[PDB]
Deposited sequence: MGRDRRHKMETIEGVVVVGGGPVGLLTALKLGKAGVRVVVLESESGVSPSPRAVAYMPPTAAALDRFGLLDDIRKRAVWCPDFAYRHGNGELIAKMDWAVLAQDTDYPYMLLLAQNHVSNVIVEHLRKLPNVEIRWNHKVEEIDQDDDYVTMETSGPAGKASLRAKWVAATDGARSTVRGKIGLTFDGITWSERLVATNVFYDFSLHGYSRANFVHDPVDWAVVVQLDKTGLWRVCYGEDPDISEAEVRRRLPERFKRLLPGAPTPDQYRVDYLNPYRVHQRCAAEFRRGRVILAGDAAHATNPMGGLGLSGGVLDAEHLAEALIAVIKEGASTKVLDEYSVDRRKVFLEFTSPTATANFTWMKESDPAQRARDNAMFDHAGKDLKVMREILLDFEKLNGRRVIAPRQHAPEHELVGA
């Protein structure tokens, strides 16, 4: 029985990798267990956190620089443009960065690879987990077969229920399923037709998120479709849907669909973010409305705080009260800011009452024209920091 006098991080998404990164940089011994939707937008407080991790330069080189985001009607007409530059006196990072999760993960891997105290186990999954007073014990399956592992502390970061999160007996509350969404990746020059790099389209039927994924010119278009039909019928309907979702009403030859996936997600929030020596972060702890949550995962600031707390315990002899302050603070951010904001944004996006829509359009229009009010709204993202 291999024993790790340090931390085991289960899940090699960005949140897991970041957690390992900051731990590893402080000398803590870390073993990451990676195994097999995606979050792609970084707001200013998140960019500030990435600078502290030392990752912002390498990320800025790959990311799509996004100075503004737009609200639009279903005919593509502009409702309001929010310009991050209005924050140039408030932050060193007055912009949004857009990048697909896999590219972010590859950057973070290159930095971990310079830390000999950090080891990554590819495609190792956690089949069983339990703890006692001293250690967390895990049963793992990898390409080598079954094996056993124990660690002082475990940080679980992965969303599936089959993983650690649904094996330590935590309550999950706020559980709501989504309607049927379709995520597509498209090669279409949206910007040639007046779109911004990130766009919220507000329409009772043809609402959508349109946001750029990487520097190849691939874009993500998320929209709603009838939940009763087969995946085959979804694909058959797309051409006709794109005549409205894409500006200029293109015909099939003007664009290329690289990926198409219907899906549904559960919102949820764990009752407590820690159970003994196991601590949750990111997608293992909570999930926000998928369609209103752009830039609101909280994953990066989760990871920063979690690693700061574990360093204090392991390297500095602090009591585990810091791990409890972590749980309370991040859970407050989700409950009182992130979740409600994502739910409000989605409610505005799909409103069907013509009188409420006009009230909503006037509000966005005004936020777009009065730069002081645009400023106030954009500054609200600083609540991702919580009270730390």
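In sequence order, the deposited-sequence ranges that have no modelled C-alpha atom:
Sequence ranges with no C-alpha atoms are 1-8, 45-50, 403-418.
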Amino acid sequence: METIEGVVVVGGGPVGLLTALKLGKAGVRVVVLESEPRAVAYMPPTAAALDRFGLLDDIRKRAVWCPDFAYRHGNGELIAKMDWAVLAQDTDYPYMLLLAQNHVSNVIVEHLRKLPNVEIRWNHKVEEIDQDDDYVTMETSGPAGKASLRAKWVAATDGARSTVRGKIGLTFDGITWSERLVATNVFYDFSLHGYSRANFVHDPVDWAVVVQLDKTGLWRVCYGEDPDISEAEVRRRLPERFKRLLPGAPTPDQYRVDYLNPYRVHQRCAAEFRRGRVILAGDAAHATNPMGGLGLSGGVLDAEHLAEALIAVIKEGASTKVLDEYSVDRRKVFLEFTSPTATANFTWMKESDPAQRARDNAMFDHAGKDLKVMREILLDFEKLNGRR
From here on, numbers count along this sequence of modelled residues.
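Which has the higher mean CA temperature factor in the PDB entry, 111-119 or 162-170?
The stretch with the larger mean CA B-factor is 162-170.
On average, which has the higher Cα B-factor in the deposited entry, 259-267 or 227-235?
According to the entry, 227-235 carries the higher average C-alpha B-factor.
From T91, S196, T184, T216, residue of greatest CA B-factor:
In the PDB entry, the greatest C-alpha B-factor among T91, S196, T184, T216 is found at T91.
Highest Cα B-factor in the PDB entry belongs to which of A355, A41, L335, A48?
Largest recorded C-alpha B-factor: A355.
Per the entry's values, where does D189 land by CA temperature factor relative to the rest of its chain, in the lowest, middle or highest third?
Lowest third.
Ranking the modelled residues of this chain by C-alpha B-factor as given in the entry, is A309 in the lowest, middle or highest third?
Middle third by C-alpha B-factor.
Split the chain's modelled residues into thirds by Cα B-factor; is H103 in the lowest, middle or highest one?
It falls in the bottom third of the chain.
How does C222 rank on Cα B-factor within its chain, lowest, middle or highest third?
Middle third - that is where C222 ends up once the chain's C-alpha B-factors are sorted.
Classify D302 as lowest, middle or highest third according to the C-alpha B-factor given in the PDB entry, relative to its own chain.
Lowest third - that is where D302 ends up once the chain's C-alpha B-factors are sorted.
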